[PDB]
Every structure is written in structure tokens, then in C-alpha cells.
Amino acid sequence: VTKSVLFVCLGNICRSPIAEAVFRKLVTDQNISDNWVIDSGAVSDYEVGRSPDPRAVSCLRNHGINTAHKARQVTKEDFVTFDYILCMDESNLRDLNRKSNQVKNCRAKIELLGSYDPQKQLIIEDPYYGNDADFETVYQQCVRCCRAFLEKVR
């Protein structure tokens, strides 16, 4: 039975298009992409329709990964469609949990991506007003945590 994950952050231009791209490369590498539906979403308005930040693009490229995602907001139907909704920080979590209450047949489990890190760096911090090394951190956190998540639910 096919499974589904939706990665989320504030804007869907930095962290979650990275997490989505990382997870997609993992499942493909493991020859299991047929068993997964994967996407990324924003809590916020700020970047609807835009491509990921240049910094995320170049970081991904450094690791041999490309994305074609356009920024989109999370919807009520997302809470019914996805098996897991994995978010980056405590604001995101709060926001998501509040929204899921107005959705009557909510099925998704809503959790911090960081909760799966074997290294226990629970928070994936918003790198918008930082530099290339902060993008790199976020990419490494993503790799650790997606690998652990897939071990546990594959």
C-alpha cells in the first residue's frame, strides 16, 4: 500500500523544497518511488507561485539534486490526503495543529521532521536571513531525518 508525505515550512521556498527533494532522491535511490506520493507546502502567503530560493537551488546542485517545485499553501484537503505531514519548527507545528482542528476527517499525523534526527537536533531553523552555510546545515538535517523516517515507516 502506497504512502504519502507532505513537507512544510513558513514560505515553501527554503526548507521544505529541500526536505522534499532529499526524500525524493532517497526513495528513487532505493527503487521504491512507485510506493510514495511526495510534495511540499507553506503555512503562509508570502511566496505563492515562486521557485525555491537561489541558495536552495545551489545547495541542492552541490549534492547532485534539482527541483521543479512552485510554492503552494497547505489546504484542508491536504489533512485528509496525506499520511504524514512533517514540519520544520514549533511555529509551523502550532499553525498546522490549529488548522487541522477545523478539518473534520483529518487523517495525517503531524510531526516535526527533526523528531526523527538520530543526532537530536529537533529544530530545522529558517535560513532566509542567513547564508550558504545555513542552507547547508538545513540540507544535512534533512538527510539525517529523512533517512531515519524512511527506515521507520517503509
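Numbering starts at 1 and runs along the sequence shown.
When the mean C-alpha temperature factors of 96 to 104 and 112 to 120 are read from the deposited coordinates, 96 to 104 comes out higher. Relative to one another, 83 to 91 and 30 to 38 have unequal mean CA B-factors, and 30 to 38 is the one with the higher figure.
Split the chain's modelled residues into thirds by C-alpha temperature factor. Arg55 is in the lowest one. In the deposited entry, the Cα temperature factor of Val153 places it in the highest third of its chain's modelled residues. Split the chain's modelled residues into thirds by C-alpha temperature factor. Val43 is in the middle one. Among the modelled residues of the chain, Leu6 sits in the lowest third by CA temperature factor in this PDB entry.
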